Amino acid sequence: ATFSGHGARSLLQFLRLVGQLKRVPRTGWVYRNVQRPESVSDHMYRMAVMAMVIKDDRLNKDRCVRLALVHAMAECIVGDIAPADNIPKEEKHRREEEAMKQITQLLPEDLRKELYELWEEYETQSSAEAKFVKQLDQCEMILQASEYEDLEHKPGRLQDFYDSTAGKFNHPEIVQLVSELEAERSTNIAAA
């Protein structure tokens, strides 16, 4: 119940917290000694483009793009928690929830409600759009894994990331895209 107001100063401060996403490297790459790992905002950027180009006539894509730009936003405060950090699901949720409250309080009421709603939709996976964006997250991530493998000239190195997405995919377009990716990568591995 803070007293920072909802003027330009608070909007600016909201924007600074958001910019901290540029300086949160994605932890999974850090823990695997990737040189120059992407930021969390790098990751959401490509998810957002993927929402634009991976087709599904049943989905509101404007909402999918917004879910993509908002879903990881709490990491500007809580940091990027990876499976290796062993934070229980409930504790990660509680931290990120508190963070989103703090962040959105800087915005006028209608904007606060809208952003928080989007975050809540994603976190509870309550819509088809939310579930779609969750698979973009996982897809975009193994794509980036294979790109770090290519850049390193170390085919297969980041195998653990592929294994962790086993059976997490069921959207027919993303499923198709993943299968193509795994086939191209598993070919490169055999070549080497």
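Start at 1 with the first residue shown and count on from there.
**Q** Comparing average C-alpha B factors as deposited, tell me which of 43-51 and 157-165 sits higher.
**A** Comparing averages over the C-alpha atoms only gives 157-165.
**Q** Mean Cα B factor from the PDB record: higher for 11-19, or higher for 168-176?
**A** The deposited B-factors put 168-176 ahead on the C-alpha mean.
**Q** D150's Cα B-factor: lowest, middle or highest third of the chain?
**A** Highest third - that is where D150 ends up once the chain's C-alpha B-factors are sorted.
**Q** Taking the values exactly as deposited, rank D62 by C-alpha B-factor within its chain and report the matching third: lowest, middle or highest.
**A** It falls in the middle third of the chain.
**Q** Pull the Cα B-factor of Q102 out of the PDB entry and bin it into the chain's lowest, middle or highest third.
**A** For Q102, the deposited C-alpha B-factor lands in the middle third.
**Q** In terms of the chain's CA B-factor thirds, is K131 lowest, middle or highest?
**A** Its C-alpha B-factor, which the entry lists for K131, ranks in the middle third among residues of this chain.
**Q** Hey, what third does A82 fall into on Cα B-factor, ranked over its chain?
**A** According to the entry, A82 has a C-alpha B-factor in the chain's highest third.
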